[PDB]
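Before any questions on how it binds or moves, here is one chain, the form deposited in one PDB entry, in C-alpha cells.
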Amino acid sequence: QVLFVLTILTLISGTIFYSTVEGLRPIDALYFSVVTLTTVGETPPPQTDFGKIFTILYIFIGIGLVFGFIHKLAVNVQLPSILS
C-alpha cells in the first residue's frame, strides 16, 4: 500500500536533511536515516544541534510509518510467500 511510498518519501527527506545539515554523502545520509527510524542506531549521533533537533522529531514522526511498512511487508507479503 501507500506505506511503500510514504516510507521512501521519509527516507528521501532524511537523506536530504543529513546530506545538507550534517554534510554527509547521500548514501551515508540515507543509511543514517534508515538505522535511526528502525531504531538500530549503529552510527554515531548527529554532531549539529539542528541535526539533533531534527532527528528527535524525525524519530517520533518517522518510526510509526517505517514500522507500519515493515509490519505490512511481514504479515502480508513475507508470510504467504514463505508458506508456499
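Note that residue numbering begins at 1 and tracks the sequence as displayed. By rigid core we mean the largest C-alpha set that fits within 1.5 Å across both forms. Shifts are known only where both forms have a C-alpha.
Just so you know, the form deposited in another entry exists too; it's not on screen, but the next bit is about it.
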Shift of residue 23 between the shown form and the other one at or above 2 Å (CA, core fit)
no
If I superpose the two forms on their rigid core, does the C-alpha of residue 74 end up displaced by 2 Å or more between the shown form and the other one?
yes
Residue shift check between the shown form and the other one, rigid core fit, residue 62 Cα at least 2 Å:
yes
Once the rigid core is superposed, list every run of three or more consecutive common residues with all C-alpha shifts of 2 angstroms or more between the shown form and the other one, in sequence order.
62-64, 66-79
